[PDB]
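**Student:** Just final-v5.tsv, nothing more (TSV, C-alpha atoms and all ligand atoms):
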chain	number	residue	atom	x	y	z
A	7	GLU	CA	116.22	107.79	41.56
A	8	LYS	CA	118.37	107.02	44.67
A	9	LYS	CA	115.85	107.40	47.58
A	10	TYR	CA	113.86	104.26	48.35
A	11	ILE	CA	112.06	102.54	51.24
A	12	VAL	CA	112.94	98.83	51.72
A	13	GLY	CA	110.00	96.79	53.17
A	14	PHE	CA	111.07	93.71	55.27
A	15	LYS	CA	109.59	90.22	55.63
A	16	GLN	CA	109.56	89.24	59.32
A	17	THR	CA	108.47	85.49	59.47
A	18	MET	CA	109.04	85.31	55.74
A	19	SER	CA	112.55	86.75	56.65
A	20	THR	CA	114.21	89.71	58.61
A	21	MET	CA	114.13	91.08	62.15
A	22	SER	CA	117.25	92.85	63.61
A	23	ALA	CA	118.34	96.45	62.85
A	24	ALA	CA	121.76	94.86	62.31
A	25	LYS	CA	120.23	92.24	59.97
A	26	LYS	CA	118.10	94.92	58.22
A	27	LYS	CA	121.26	96.98	57.63
A	28	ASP	CA	123.30	93.96	56.37
A	29	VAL	CA	120.44	92.87	54.01
A	30	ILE	CA	120.83	96.40	52.39
A	31	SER	CA	124.67	96.71	52.41
A	32	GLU	CA	124.98	93.17	51.04
A	33	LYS	CA	123.38	94.47	47.82
A	34	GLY	CA	125.38	97.76	47.78
A	35	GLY	CA	122.62	99.76	49.52
A	36	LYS	CA	123.19	102.43	52.18
A	37	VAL	CA	120.62	102.23	55.01
A	38	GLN	CA	119.20	105.59	56.06
A	39	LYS	CA	116.52	105.33	58.77
A	40	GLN	CA	115.32	102.12	60.28
A	41	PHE	CA	111.66	102.48	61.22
A	42	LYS	CA	110.41	101.76	64.74
A	43	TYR	CA	106.98	100.22	64.04
A	44	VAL	CA	106.87	99.86	60.24
A	45	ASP	CA	108.93	96.80	59.06
A	46	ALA	CA	110.95	98.98	56.67
A	47	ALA	CA	113.92	101.28	56.22
A	48	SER	CA	114.85	104.24	54.05
A	49	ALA	CA	117.89	103.39	51.82
A	50	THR	CA	120.23	104.86	49.20
A	51	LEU	CA	120.07	102.47	46.29
A	52	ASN	CA	121.50	102.44	42.77
A	53	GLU	CA	119.58	100.60	39.95
A	54	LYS	CA	121.56	97.40	40.76
A	55	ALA	CA	120.68	97.55	44.49
A	56	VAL	CA	116.94	98.01	43.57
A	57	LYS	CA	116.95	94.85	41.30
A	58	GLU	CA	119.17	92.78	43.70
A	59	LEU	CA	117.08	93.89	46.71
A	60	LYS	CA	113.81	93.15	44.83
A	61	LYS	CA	114.91	89.49	44.57
A	62	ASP	CA	116.22	89.04	48.16
A	63	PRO	CA	114.36	86.48	50.28
A	64	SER	CA	114.28	88.95	53.17
A	65	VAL	CA	112.61	91.80	51.15
A	66	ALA	CA	108.89	92.34	50.79
A	67	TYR	CA	109.04	95.57	48.71
A	68	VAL	CA	111.46	98.16	47.36
A	69	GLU	CA	109.66	101.40	46.63
A	70	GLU	CA	110.77	104.98	45.91
A	71	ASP	CA	110.92	107.42	48.77
A	72	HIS	CA	108.34	109.88	47.34
A	73	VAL	CA	108.03	113.66	47.91
A	74	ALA	CA	105.12	115.10	49.78
A	75	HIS	CA	104.19	118.80	49.97
A	76	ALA	CA	101.98	121.02	52.13
A	77	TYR	CA	98.53	121.58	50.66
B	3	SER	CA	89.39	138.11	65.81
B	4	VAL	CA	88.07	134.49	66.11
B	5	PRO	CA	88.34	133.02	62.57
B	6	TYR	CA	85.06	132.45	60.69
B	7	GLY	CA	85.68	128.74	60.00
B	8	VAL	CA	85.45	128.04	63.78
B	9	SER	CA	81.77	129.09	63.57
B	10	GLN	CA	81.03	127.29	60.25
B	11	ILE	CA	82.02	123.93	61.89
B	12	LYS	CA	79.74	124.75	64.90
B	13	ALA	CA	82.77	125.02	67.22
B	14	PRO	CA	81.23	127.89	69.31
B	15	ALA	CA	78.31	125.82	70.69
B	16	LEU	CA	80.67	123.05	71.85
B	17	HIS	CA	82.83	125.66	73.64
B	18	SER	CA	79.81	127.05	75.56
B	19	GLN	CA	78.82	123.52	76.71
B	20	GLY	CA	82.29	123.69	78.17
B	21	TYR	CA	84.36	121.69	75.67
B	22	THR	CA	87.56	123.12	74.41
B	23	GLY	CA	89.93	120.23	73.82
B	24	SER	CA	91.33	119.91	77.39
B	25	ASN	CA	93.60	116.80	77.74
B	26	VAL	CA	94.04	116.18	73.96
B	27	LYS	CA	97.48	115.77	72.43
B	28	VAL	CA	97.51	116.94	68.81
B	29	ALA	CA	100.38	116.42	66.42
B	30	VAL	CA	100.83	118.98	63.65
B	31	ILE	CA	102.93	116.94	61.10
B	32	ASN	CA	104.13	119.84	58.90
B	33	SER	CA	106.95	122.41	58.31
B	34	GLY	CA	107.19	123.29	62.01
B	35	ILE	CA	105.58	125.91	64.24
B	36	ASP	CA	107.07	129.38	64.78
B	37	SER	CA	107.99	129.83	68.45
B	38	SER	CA	107.96	133.66	68.17
B	39	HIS	CA	104.16	133.84	67.90
B	40	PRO	CA	102.59	135.07	71.15
B	41	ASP	CA	99.29	133.38	70.24
B	42	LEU	CA	100.60	129.85	69.76
B	43	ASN	CA	101.21	127.53	72.62
B	44	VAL	CA	103.42	124.62	71.67
B	45	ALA	CA	103.42	121.63	74.05
B	46	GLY	CA	106.55	120.13	72.40
B	47	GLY	CA	107.78	118.45	69.29
B	48	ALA	CA	110.40	116.88	67.11
B	49	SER	CA	112.06	117.50	63.72
B	50	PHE	CA	112.50	114.94	60.99
B	51	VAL	CA	113.95	117.25	58.25
B	52	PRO	CA	117.67	116.33	58.17
B	53	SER	CA	118.79	119.95	57.46
B	54	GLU	CA	116.18	121.75	59.68
B	55	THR	CA	116.64	120.42	63.18
B	56	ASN	CA	114.33	122.71	65.17
B	57	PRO	CA	110.56	121.91	64.98
B	58	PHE	CA	109.98	125.45	66.40
B	59	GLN	CA	111.28	127.25	63.34
B	60	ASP	CA	108.89	127.35	60.41
B	61	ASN	CA	110.70	128.56	57.32
B	62	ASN	CA	107.68	127.69	55.14
B	63	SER	CA	104.66	129.28	56.93
B	64	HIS	CA	102.19	126.31	56.48
B	65	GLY	CA	102.70	124.58	59.86
B	66	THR	CA	102.31	127.87	61.86
B	67	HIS	CA	99.07	128.60	59.94
B	68	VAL	CA	97.75	125.01	60.38
B	69	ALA	CA	98.65	125.14	64.12
B	70	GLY	CA	96.68	128.35	64.60
B	71	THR	CA	93.59	126.66	63.00
B	72	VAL	CA	93.87	123.67	65.44
B	73	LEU	CA	94.05	126.01	68.44
B	74	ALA	CA	91.19	128.24	67.20
B	84	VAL	CA	88.87	125.19	66.97
B	85	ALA	CA	90.33	123.55	70.15
B	86	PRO	CA	91.88	126.25	72.37
B	87	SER	CA	92.51	123.97	75.37
B	88	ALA	CA	94.28	121.33	73.14
B	89	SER	CA	97.96	120.31	73.41
B	90	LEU	CA	99.92	121.26	70.25
B	91	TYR	CA	103.05	119.51	69.05
B	92	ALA	CA	105.33	120.59	66.22
B	93	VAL	CA	106.26	117.50	64.25
B	94	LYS	CA	108.61	118.87	61.51
B	95	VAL	CA	108.46	116.67	58.46
B	96	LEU	CA	108.69	119.37	55.75
B	97	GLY	CA	111.50	121.82	54.87
B	98	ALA	CA	111.53	125.48	53.81
B	99	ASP	CA	109.97	124.75	50.37
B	100	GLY	CA	107.04	122.82	51.94
B	101	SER	CA	108.24	119.37	50.80
B	102	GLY	CA	109.53	116.33	52.61
B	103	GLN	CA	110.36	112.70	52.07
B	104	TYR	CA	107.80	109.94	52.80
B	105	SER	CA	110.27	108.49	55.31
B	106	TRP	CA	110.43	111.86	57.16
B	107	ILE	CA	106.58	111.68	57.23
B	108	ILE	CA	106.86	108.02	58.61
B	109	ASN	CA	109.35	109.19	61.26
B	110	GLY	CA	106.84	111.92	62.22
B	111	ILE	CA	103.88	109.45	62.52
B	112	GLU	CA	106.18	107.20	64.54
B	113	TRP	CA	107.11	109.89	67.08
B	114	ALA	CA	103.34	110.62	67.41
B	115	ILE	CA	102.64	106.90	68.14
B	116	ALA	CA	105.59	106.92	70.60
B	117	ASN	CA	104.54	110.19	72.20
B	118	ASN	CA	100.96	109.15	72.88
B	119	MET	CA	99.34	111.57	70.46
B	120	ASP	CA	95.57	111.51	70.39
B	121	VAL	CA	95.21	113.37	67.04
B	122	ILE	CA	97.49	113.56	64.03
B	123	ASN	CA	97.01	116.25	61.40
B	124	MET	CA	98.79	115.82	58.02
B	125	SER	CA	98.07	118.96	55.90
B	126	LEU	CA	100.23	117.40	53.15
B	127	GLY	CA	100.53	114.59	50.59
B	128	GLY	CA	101.93	113.27	47.33
B	129	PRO	CA	100.40	111.72	44.19
B	130	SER	CA	102.03	108.30	44.59
B	131	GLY	CA	101.28	105.49	46.98
B	132	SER	CA	103.65	104.03	49.62
B	133	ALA	CA	103.31	100.65	51.43
B	134	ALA	CA	105.42	102.16	54.25
B	135	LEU	CA	103.20	105.30	54.38
B	136	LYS	CA	100.20	102.89	54.71
B	137	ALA	CA	101.93	100.88	57.46
B	138	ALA	CA	102.69	104.06	59.44
B	139	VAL	CA	99.09	105.51	59.19
B	140	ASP	CA	97.59	102.05	59.78
B	141	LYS	CA	99.62	101.54	62.95
B	142	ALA	CA	98.64	105.06	64.23
B	143	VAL	CA	94.93	104.10	63.73
B	144	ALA	CA	95.56	100.57	65.29
B	145	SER	CA	97.21	102.38	68.18
B	146	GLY	CA	94.00	104.49	68.70
B	147	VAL	CA	95.11	107.80	67.09
B	148	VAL	CA	92.54	109.90	65.14
B	149	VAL	CA	94.42	110.35	61.81
B	150	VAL	CA	93.43	113.38	59.82
B	151	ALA	CA	94.84	114.42	56.43
B	152	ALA	CA	94.29	117.11	53.74
B	153	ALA	CA	92.75	115.56	50.58
B	154	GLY	CA	94.90	117.41	48.08
B	155	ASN	CA	94.71	120.45	45.87
B	156	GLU	CA	94.37	118.62	42.52
B	157	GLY	CA	90.91	119.52	41.38
B	158	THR	CA	89.01	117.35	39.01
B	159	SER	CA	90.85	115.00	36.60
B	160	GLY	CA	87.93	113.46	34.67
B	161	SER	CA	86.83	110.19	36.34
B	162	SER	CA	89.98	109.84	38.45
B	163	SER	CA	90.68	110.24	42.13
B	164	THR	CA	92.89	113.26	42.68
B	165	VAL	CA	93.22	112.46	46.46
B	166	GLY	CA	96.85	112.49	47.62
B	167	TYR	CA	98.52	110.14	50.12
B	168	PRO	CA	98.12	109.94	53.14
B	169	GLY	CA	94.50	111.13	52.72
B	170	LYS	CA	93.90	108.40	50.14
B	171	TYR	CA	94.31	105.63	52.75
B	172	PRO	CA	91.28	103.87	54.23
B	173	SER	CA	92.62	104.50	57.78
B	174	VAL	CA	92.90	108.32	57.37
B	175	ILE	CA	90.19	111.00	57.38
B	176	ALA	CA	90.66	112.81	54.04
B	177	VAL	CA	89.46	116.38	54.19
B	178	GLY	CA	88.42	118.57	51.26
B	179	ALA	CA	87.81	122.31	51.21
B	180	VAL	CA	84.56	124.20	51.26
B	181	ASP	CA	84.28	128.05	51.05
B	182	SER	CA	82.04	130.28	53.31
B	183	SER	CA	78.94	129.46	51.21
B	184	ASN	CA	79.44	125.63	51.48
B	185	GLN	CA	80.74	125.47	47.94
B	186	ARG	CA	83.57	123.04	47.15
B	187	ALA	CA	86.84	124.90	46.42
B	188	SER	CA	87.90	124.42	42.77
B	189	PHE	CA	91.31	123.13	43.78
B	190	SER	CA	89.74	120.59	46.20
B	191	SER	CA	90.73	117.01	45.43
B	192	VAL	CA	87.83	114.71	44.57
B	193	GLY	CA	87.13	110.99	44.89
B	194	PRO	CA	85.87	107.95	46.79
B	195	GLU	CA	88.58	108.52	49.38
B	196	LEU	CA	87.07	111.91	50.28
B	197	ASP	CA	85.65	111.81	53.74
B	198	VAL	CA	84.54	115.31	55.00
B	199	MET	CA	84.61	119.03	54.11
B	200	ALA	CA	85.85	121.83	56.42
B	201	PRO	CA	86.66	125.51	55.67
B	202	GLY	CA	89.59	125.81	53.30
B	203	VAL	CA	89.03	129.17	51.37
B	204	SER	CA	90.60	132.47	52.60
B	205	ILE	CA	91.47	131.14	56.05
B	206	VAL	CA	92.86	133.69	58.47
B	207	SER	CA	95.37	132.02	60.79
B	208	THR	CA	98.75	132.74	62.41
B	209	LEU	CA	101.82	133.18	60.19
B	210	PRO	CA	105.55	133.43	60.99
B	211	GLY	CA	106.91	136.63	62.52
B	212	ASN	CA	103.89	137.52	64.74
B	213	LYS	CA	101.56	137.62	61.81
B	214	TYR	CA	98.07	136.83	60.58
B	215	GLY	CA	96.89	136.08	57.04
B	216	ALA	CA	94.53	134.25	54.73
B	217	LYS	CA	95.57	130.95	53.19
B	218	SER	CA	93.52	128.72	50.86
B	219	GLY	CA	94.06	124.97	50.49
B	220	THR	CA	92.90	121.61	51.84
B	221	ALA	CA	95.70	122.16	54.44
B	222	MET	CA	93.36	124.90	55.90
B	223	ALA	CA	90.35	122.47	55.90
B	224	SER	CA	92.37	119.64	57.63
B	225	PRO	CA	93.13	121.42	60.98
B	226	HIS	CA	89.40	122.25	61.44
B	227	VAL	CA	88.74	118.44	61.57
B	228	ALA	CA	91.87	117.67	63.75
B	229	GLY	CA	90.50	120.45	66.09
B	230	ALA	CA	87.00	118.86	65.93
B	231	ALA	CA	88.44	115.42	67.00
B	232	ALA	CA	90.10	117.11	70.05
B	233	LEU	CA	86.74	118.74	70.95
B	234	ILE	CA	84.86	115.37	70.83
B	235	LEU	CA	87.69	113.74	72.86
B	236	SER	CA	87.29	116.44	75.54
B	237	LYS	CA	83.52	115.69	75.90
B	238	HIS	CA	83.99	111.88	75.40
B	239	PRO	CA	87.43	110.91	76.80
B	240	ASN	CA	86.31	107.29	76.60
B	241	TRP	CA	85.55	107.40	72.86
B	242	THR	CA	87.96	105.54	70.61
B	243	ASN	CA	89.34	106.98	67.28
B	244	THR	CA	86.68	104.70	65.67
B	245	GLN	CA	83.84	106.48	67.53
B	246	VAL	CA	85.38	109.94	66.87
B	247	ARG	CA	85.55	109.25	63.12
B	248	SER	CA	82.05	107.64	62.83
B	249	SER	CA	80.42	110.60	64.68
B	250	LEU	CA	82.22	113.12	62.46
B	251	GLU	CA	81.20	111.38	59.24
B	252	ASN	CA	77.62	110.70	60.41
B	253	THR	CA	76.68	114.20	61.77
B	254	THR	CA	77.82	116.35	58.83
B	255	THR	CA	75.88	119.12	56.98
B	256	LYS	CA	75.24	117.00	53.92
B	257	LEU	CA	76.29	118.64	50.67
B	258	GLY	CA	76.26	116.99	47.20
B	259	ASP	CA	78.01	113.94	45.86
B	260	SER	CA	80.40	112.02	48.13
B	261	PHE	CA	82.93	112.17	45.28
B	262	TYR	CA	83.12	115.96	45.59
B	263	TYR	CA	82.00	116.56	49.16
B	264	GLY	CA	82.49	113.29	51.09
B	265	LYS	CA	79.87	113.08	53.85
B	266	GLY	CA	79.42	116.89	53.83
B	267	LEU	CA	80.50	119.73	56.13
B	268	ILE	CA	81.62	118.73	59.64
B	269	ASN	CA	79.22	119.68	62.39
B	270	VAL	CA	81.19	119.47	65.68
B	271	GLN	CA	78.11	120.19	67.86
B	272	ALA	CA	76.07	117.34	66.29
B	273	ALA	CA	79.21	115.10	66.27
B	274	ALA	CA	80.08	115.64	69.93
B	275	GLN	CA	76.78	114.14	71.20
C	301	NA	NA	90.80	108.33	53.46
If you convert what's in this file into structure tokens, what do you get?
Ligand code: NA

**Tutor:**
Amino acid sequence: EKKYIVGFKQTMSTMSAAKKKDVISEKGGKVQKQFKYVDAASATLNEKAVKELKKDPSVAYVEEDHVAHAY
Amino acid sequence: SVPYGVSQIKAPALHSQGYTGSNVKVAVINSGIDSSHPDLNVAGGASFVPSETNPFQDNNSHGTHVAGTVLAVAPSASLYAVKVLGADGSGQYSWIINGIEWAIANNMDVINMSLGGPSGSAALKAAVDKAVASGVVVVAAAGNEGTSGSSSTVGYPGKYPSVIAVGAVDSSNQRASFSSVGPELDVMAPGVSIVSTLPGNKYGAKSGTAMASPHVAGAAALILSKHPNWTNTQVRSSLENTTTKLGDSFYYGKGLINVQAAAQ
């Protein structure tokens, strides 16, 4: 539903934590946690933000932030 | 006192040789580790559950239990509570990423993930892949999904090519009925009626692939103590190659882990 992971393009597109954050907020997203090593961030996205963000030149992927459990 | 599964994996003969996991930093990426347990030595940690800030409080029980399996296998190992899961035993894939990421940052030798989900993540792949590229032995529970016809029932992260996906065997080498199957299945370790440490200065049997997983993260720590110069690549190949060979790789992977054979 609302919890997603936004994958970034780096030489296809995006680098800074401040650019990464603006790329989200530009499409009505709300940036959660900007990853250290992984070129991605957790974001709060409506259905509009998922489709707008899927088409952005700076975006590699928009995927749901899935639930894991202890086995 | 010493859990049976320790013996089954041939942990006791490695111990005698003098190898106990000395100088190995092991991340338990779980629900935390209970600080109140007089039998559990925590080297540090971090929490990634937004509402549960202390890695040292386990409101679940799973991470305390897992942690006690690691330290039974590898008693001289350095344990770290990486809290990724809340009270209900669930966390977000991002929270798991943030845990992996601290383990990369903290110069963790071995990651245990006694968890998963049904659905893939590109970000979950990037985080495991990077831990592996960084030289971390990445160990994960295969899942508790049984058999689903022809399909892989292997959860993520264990489903990833970079991770060592661990199914559960009982005391008689028989695959646990709950034990997730598939091509992504790497090794079997004891996962049936596992006595480990539980919250509130307790002991108790748990069953799950989450019980098999720590036996392999403890085995990687024991090899690393005998072969400090071995890469994650060498640690994994030796573990997969020196197994007590069981049936079909789809059900059993390579077989049961033999730490003594694996250690060289
Ligand atoms: Na795997």

**Student:** Show me which residues are within 10 Å of ligand NA 301 (chain C) counting all atoms listed in the file, and format the list as an NGL selection string.

**Tutor:** :B and (149-153 or 165-177 or 193-198 or 264)

**Student:** Separation of atom CA of residue 64 of chain B and atom CA of residue 77 of chain A, in Å?

**Tutor:** 8.3 Å

**Student:** Show me, as a PyMOL selection string, every residue of chain B with an atom at most 7 Å from chain A, counting only C-alpha atoms.

**Tutor:** chain B and resi 64+100-105+112+125-128+134+137-138+152+154-155+219-221

**Student:** Expressed in Å to a single decimal, how great is the separation between atom CA of residue 186 of chain B and atom CA of residue 262 of chain B?

**Tutor:**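 For atom CA of residue 186 of chain B relative to atom CA of residue 262 of chain B, the distance reads 7.3 Å.
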
**Student:** Rounded to one decimal, what separation in Å do you get between atom CA of residue 39 of chain B and atom CA of residue 213 of chain B?

**Tutor:**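 Computing the Euclidean distance for atom CA of residue 39 of chain B and atom CA of residue 213 of chain B yields 7.6 Å.
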
**Student:** Could you pull segment 36-53 of chain A out of the block above and give me N, CA, C and O atoms, as a compact mmCIF listing (two decimals), in the first residue's frame?

**Tutor:**
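Ended up saving to result-v2.txt:
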# COMPACT_ATOMS: atom_id res chain seq x y z
N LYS A 36 7.23 10.88 0.35
CA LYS A 36 7.79 11.25 1.66
C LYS A 36 8.83 10.19 1.98
O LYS A 36 8.64 9.04 2.40
N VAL A 37 10.09 10.56 1.69
CA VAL A 37 11.37 9.91 1.94
C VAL A 37 11.48 9.42 3.41
O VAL A 37 11.10 10.18 4.34
N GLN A 38 11.78 8.16 3.56
CA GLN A 38 11.93 7.59 4.91
C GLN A 38 13.35 7.44 5.38
O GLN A 38 13.78 8.08 6.36
N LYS A 39 14.09 6.54 4.79
CA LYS A 39 15.46 6.15 5.07
C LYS A 39 16.19 5.91 3.75
O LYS A 39 15.93 5.16 2.79
N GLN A 40 17.16 6.75 3.63
CA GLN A 40 18.16 6.85 2.57
C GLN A 40 19.32 5.90 3.01
O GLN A 40 20.02 6.06 4.00
N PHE A 41 19.41 4.85 2.23
CA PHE A 41 20.39 3.80 2.26
C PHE A 41 21.82 4.24 2.00
O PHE A 41 22.09 5.08 1.13
N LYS A 42 22.73 3.66 2.77
CA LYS A 42 24.16 4.00 2.75
C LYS A 42 24.94 3.47 1.57
O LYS A 42 25.78 4.23 1.02
N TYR A 43 24.70 2.27 1.16
CA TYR A 43 25.42 1.46 0.18
C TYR A 43 24.60 1.09 -1.00
O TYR A 43 24.92 1.29 -2.19
N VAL A 44 23.33 0.75 -0.79
CA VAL A 44 22.27 0.44 -1.74
C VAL A 44 21.79 1.83 -2.30
O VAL A 44 21.37 2.70 -1.52
N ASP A 45 21.75 1.91 -3.63
CA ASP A 45 21.26 3.15 -4.31
C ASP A 45 19.76 3.26 -4.35
O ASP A 45 18.99 3.31 -5.37
N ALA A 46 19.20 3.39 -3.15
CA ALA A 46 17.74 3.32 -2.85
C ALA A 46 17.38 3.97 -1.53
O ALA A 46 18.14 4.34 -0.57
N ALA A 47 16.07 4.25 -1.42
CA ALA A 47 15.47 4.83 -0.22
C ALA A 47 14.08 4.24 -0.03
O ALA A 47 13.27 4.09 -0.98
N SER A 48 13.74 4.11 1.25
CA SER A 48 12.37 3.80 1.70
C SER A 48 11.51 5.07 1.61
O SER A 48 11.94 6.21 1.86
N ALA A 49 10.32 4.97 1.05
CA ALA A 49 9.42 6.16 0.88
C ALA A 49 7.98 5.84 1.12
O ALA A 49 7.45 4.70 0.96
N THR A 50 7.23 6.83 1.56
CA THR A 50 5.77 6.84 1.72
C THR A 50 5.20 7.47 0.43
O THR A 50 5.51 8.62 0.04
N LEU A 51 4.57 6.60 -0.32
CA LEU A 51 3.98 6.86 -1.61
C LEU A 51 2.54 6.41 -1.74
O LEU A 51 2.07 5.29 -1.48
N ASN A 52 1.76 7.38 -2.23
CA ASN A 52 0.35 7.11 -2.69
C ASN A 52 0.46 6.46 -4.09
O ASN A 52 1.51 6.53 -4.80
N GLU A 53 -0.63 6.00 -4.62
CA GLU A 53 -0.77 5.41 -5.98
C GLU A 53 -0.32 6.28 -7.15
O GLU A 53 0.27 5.82 -8.15
